[PDB]
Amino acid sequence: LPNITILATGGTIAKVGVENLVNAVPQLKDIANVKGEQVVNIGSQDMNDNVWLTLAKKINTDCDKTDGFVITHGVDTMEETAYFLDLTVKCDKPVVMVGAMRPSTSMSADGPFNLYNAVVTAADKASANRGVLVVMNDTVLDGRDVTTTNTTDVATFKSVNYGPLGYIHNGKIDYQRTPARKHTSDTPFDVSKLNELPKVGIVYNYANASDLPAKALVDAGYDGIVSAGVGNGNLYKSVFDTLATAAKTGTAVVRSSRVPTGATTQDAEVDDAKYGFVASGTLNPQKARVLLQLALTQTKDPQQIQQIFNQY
């Protein structure tokens, strides 16, 4: 039976401790020897750079001591942690994240079977070399494309652009897809000796949008700003003016979109080369922030950041 390490971080799936979660699912003994460690116990709405750095280093350090990792986490920023670990984890043994939309005490609580299926996924050797995974609602989702689509639905987690890697049925996964984008040990991002990440903020676009958010970030000397643009990454004129300034003043600017699916493209309405802006592609704002932080540990050059956004 596989040795599987659960790293617990909190979320609705749990204040409840790592060992209690395991004990609630005695069928885990059927498929793995599971050891639990508490990393934090926080709502993922309070997830932060320090936790991300902790997790990346803990998995990188303990890779050779276990066969697989399950990370119990909140739903709210699961998609941000998953893509951060996707880009920084050098362990090519399965790393699976799981949470729950309903608490332990709720009718038809989703947590137990979710944890079960996450351990099935971490225990499957076919799961190796697919990068960091999210397993929710009997589905195996790659850390780059996966996102929460509904505020309360148990089926919230979907890979809305490129689809899932595999479905789980009766403790077995039929894997039919693997992410082409470079992940884990195929990325140059090395966080082993970092204690902080570049400061990257996100501003929202809408009708009559204020430039004051964008100006507060520039005024604070932020390393990068992601735009949650309208439609194909477009910018209200005030926000465009403040970000045009930012980009030629030592702030990297990424155009993403508030629109829940599809790429922010080059060659549409915005001359990215003229402004020194970067097109996020299918990365939504919060994912674009992840990659922009990491790109900025290697470069400040807008053209080299665009190459990163085309590769990872």
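All residue numbers refer to positions in the sequence shown, first residue = 1.
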Counting only residues that lack coordinates, how big is the gap in the deposited sequence between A14 and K15? Pick none, 1 to 3, 4 to 9 or 10 or more. 10 or more
Averaging only over Cα atoms, indicate whether 211-219 or 152-160 has the higher B-factor in the PDB entry. 211-219
With B-factors read from the PDB entry, the higher C-alpha mean of 87-95 and 197-205 is in 87-95
Among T265, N284, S44, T66, which carries the highest Cα B-factor? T66
Quick one: which of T261, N48, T249, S280 shows the highest Cα temperature factor in the PDB entry? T249
When the deposited Cα B-factors of this chain's modelled residues are ordered and cut into thirds, is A128 in the lowest, the middle or the highest one? highest
Chain thirds by Cα B factor, record data; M107 belongs to the highest
Taking the chain's C-alpha temperature factors as the reference, tell me which third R181 falls into: lowest, middle or highest. highest
Could you look up the Cα B-factor of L28 in the entry and say which third of the chain it sits in: lowest, middle or highest? highest
Entry-reported C-alpha B-factor of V120 relative to its chain, by third, is lowest
